[PDB]
Amino acid sequence: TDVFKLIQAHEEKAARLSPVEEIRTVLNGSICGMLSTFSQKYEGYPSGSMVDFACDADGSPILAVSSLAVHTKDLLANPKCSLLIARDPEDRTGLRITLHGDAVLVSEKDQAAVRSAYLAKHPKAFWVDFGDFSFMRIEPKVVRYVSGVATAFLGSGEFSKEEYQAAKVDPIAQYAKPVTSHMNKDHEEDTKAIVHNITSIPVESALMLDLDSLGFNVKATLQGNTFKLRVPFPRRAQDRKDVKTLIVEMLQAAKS
Amino acid sequence: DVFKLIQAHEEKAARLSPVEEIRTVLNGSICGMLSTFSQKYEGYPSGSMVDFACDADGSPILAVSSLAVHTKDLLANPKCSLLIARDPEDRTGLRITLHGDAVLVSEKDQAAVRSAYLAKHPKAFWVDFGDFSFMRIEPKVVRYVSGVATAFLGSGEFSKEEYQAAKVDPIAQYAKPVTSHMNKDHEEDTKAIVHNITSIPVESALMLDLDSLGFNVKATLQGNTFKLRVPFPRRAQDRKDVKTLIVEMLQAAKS
Ligand code: HEM
Ligand code: HEM
């Protein structure tokens, strides 16, 4: 009722990555998504499949495709495709990114950089060396996003190839998994106090979602309402240990 | 060798026919990935997440907002596909792709279609907003693939007529409550049944889904995870009969 307007005022103000930096960063941390192609076998229809991928240094998704797969034959007959990424694949209100582009076979000089980028995200994918597997790269044309579907907070927009490639991946997001886990399972009481302090909302619960150099996001519950809150750090975190120090300081501040 | 012992059991175990399995999984699914032709970016396909509900013929019903990108895609070109993953995070699971043509629902059909959708999305009050409409994807062809990166690889396709003629398994609707109550309160009962019927000593056995002929489990031995089909000694007739059959299979397991 009145808190849903208090949330809006906090969300509009809290420090966060710029839109293009957020999309570049979420894409770089994702490893799987839904590929849309033109169906080669069912002429006139599009087609979807689940694929693993890894962004190369430029942010271009790298795919390891079997010559036996339906989507591979699709891509060889028509390279124009799209890749749909969901930050939380079952969060109906999450960020959703669609990257449209053109699948191209990776050149021989690029095989080594591409193999390492892919294995960095899929360390047990020994099959990438099999003869029937090749690496393909989706060269972006446009990257579109939508977030907060079925909520008051809806954001959307698109970035050109040049805008997306020029953005830097946030160097702190890579530490997201260990920090959020250790905090959600052992210090969930600290998270709510910090959230309580900085948004003035008494939160029944608060689970850390993701993390970047400017702060972290949480899923919070009050009454029969669940919603997301941005928790900015008092200053930009410079490395992993710095993330830990900043949370301690923010906890200390709430005990005052 | 286990990976040959399990395979022999999987090849024999009673299970739904392929078309009945796909018809049943699709009818139990409520969300998926919609591929359309992009209206704004000519020549490219486009993807988005949608909620849906199958109507009685198995046709996915969508409630789409006129504000949404995929709606504008569908209004310019109704050809689309809907990708469903039975276990959305299992990379080796069954994956179903239904290709077809999205069509506006008639005024005579609004009420039946609205109820089929709300049966799967009971709190979706927004379907009554003015900018929302029901669309139905009329299937052309339904394709499936299962077991990517496993020994068990299955694939095939079904025409519209073949898919529509198949019946949804009437026992699968009870899968969620039955599997839950068994997984957290009687996982030891499940392990005895699986061991008895496959002779595999399993560290664990987790029920995944259920149908009138039996249920599937995720099982572990050593550092290996795999799926095993556990058929009933006979077809189950209703929910209580599912309970009745599981007791008997456990009783048999003591011996
Ligand atoms: C309680 C409030 C709201 C609810 C329950 C709600 C519900 C939904 C749902 C279910 C969809 C999915 C439509 C589809 O898949 O076709 C949607 C999409 C959308 N909504 Fe809302 N909505 C709410 C508030 C808002 C507000 C406040 C705005 C704008 C100020 C908005 C703008 C949009 C847009 C642009 C989309 C389309 C996104 C796309 O292209 O896929 N909504 N909403
Ligand atoms: C006789 C043995 C096998 C057969 C007949 C087979 C069959 C297939 C088929 C038909 C596909 C196409 C997927 C699609 O159409 O979307 C595929 C893809 C794939 N297979 Fe196999 N498979 C076998 C063994 C294996 C094994 C043992 C592994 C891993 C240990 C494996 C890993 C994969 C992967 C990762 C993909 C996905 C590649 C892509 O998405 O392009 N395969 N396989």
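Chain identifiers are assigned alphabetically (A, B, ...) following the order of the sequence lines, protein sequences preceding nucleic acid strands; residue numbering begins at 1 within each chain. Values reported hereafter were calculated over all heavy atoms of this structure, with side chains retained and with hydrogens, waters and symmetry mates removed.
A donor-acceptor pair is defined here as one N or O able to donate and one able to accept, closer than 3.5 Å; no such pair exists between the side chain of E139(A) and the backbone of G101(A). Between the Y163(B) side chain and the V142(B) main chain, no donor and acceptor come within less than 3.5 Å of each other. With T25(A) contributing its side chain and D170(A) its backbone, the two residues share a donor-acceptor pair below 3.5 Å.
Checking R229(B), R23(B), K167(B) one by one against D211(B), the salt bridge (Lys or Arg N to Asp or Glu O under 4.0 Å) holds for a single residue, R229(B). Of the residues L83(A), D58(A), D102(A), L99(A), the one that meets the side chain to side chain contact (heavy atoms under 4.5 Å, CB included) test with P140(A) is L99(A).
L209(A) approaches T180(A) most closely through the heavy-atom pair O-CG2, 3.8 Å. Minimum interatomic distance between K120(B) and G28(B) (heavy atoms only, all atoms of both residues): NZ-CA, 4.0 Å. Of all heavy-atom pairs spanning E163(A) and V20(A), the tightest one is O-CG2, 3.7 Å. Pairing each heavy atom of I7(A) with each of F153(A), the nearest pair is CG2-CZ, 3.6 Å. When all heavy atoms of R137(A) and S60(A) are compared, the closest pair comes out as CG-CB, 3.8 Å. Of all non-hydrogen atoms in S212(B) and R235(B), the two that sit nearest each other are OG-NH1, 3.1 Å.
A 6.0 Å sphere centred on NZ of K160(B) holds no more than 12 heavy atoms belonging to other residues, nucleotides or ligands. The number of heavy atoms from other shown groups lying within 6.0 Å of NZ (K177(A)) does not exceed 12.
Note that the CZ atom of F37(B) and the OG atom of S82(A) stand 10.5 Å from one another [nearest 0.5 Å]. Going from atom CD1 of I201(A) over to atom CZ of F227(A) covers 5.0 Å, rounded to the nearest 0.5 Å.
Residues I137(B) and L34(B) meet the side-chain proximity criterion, which asks for heavy atoms closer than 4.5 Å. You'll find the side chain of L207(A) stays beyond 4.5 Å of the side chain of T191(A), heavy atoms only. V105(B) places a side-chain heavy atom less than 4.5 Å from the side chain of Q110(B).
Using modelled atom types and a 3.5 Å distance limit, the side chains of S39(A) and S47(A) yield no donor-acceptor pair. The closest side-chain donor-acceptor pair between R143(B) and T97(B), if any, does not fall under 3.5 angstrom. With 3.5 Å as the limit, one finds no donor-acceptor pair spanning the side chains of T151(A) and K228(A). For the residue pair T36(B) and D73(B), a side-chain donor N or O sits within less than 3.5 Å of a side-chain acceptor on the partner. Judged purely by distance below 3.5 Å, without hydrogens or angles, the side chains of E157(B) and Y42(A) pair a donor atom with an acceptor atom. Side chain to side chain, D131(B) and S65(B) meet the donor-acceptor criterion of an N or O pair below 3.5 Å.
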Open item on the list: Walk me through whether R92(A) and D51(B) qualify under salt bridge (charged side-chain N to carboxylate O under 4.0 Å, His left out).
Closed with: CA-CA 9 Å; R92(A) 168 210 302 263; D51(B) 286 330; 2.3 Å; yes
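Every ring pair (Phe, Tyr, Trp, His ring centres under 6.0 Å) that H122(A) has, sequence neighbours left out, goes to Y118(A). The ring pair (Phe, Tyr, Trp, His ring centres under 6.0 Å) search around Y44(B) returns none, not counting sequence neighbours. In this structure, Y174(B) has no ring pair (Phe, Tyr, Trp, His ring centres under 6.0 Å) partners at least two apart in sequence or on a different chain.
For the pair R87(A) and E22(A), the salt-bridge criterion is not met [side-chain N within less than 4.0 Å of a carboxylate O].
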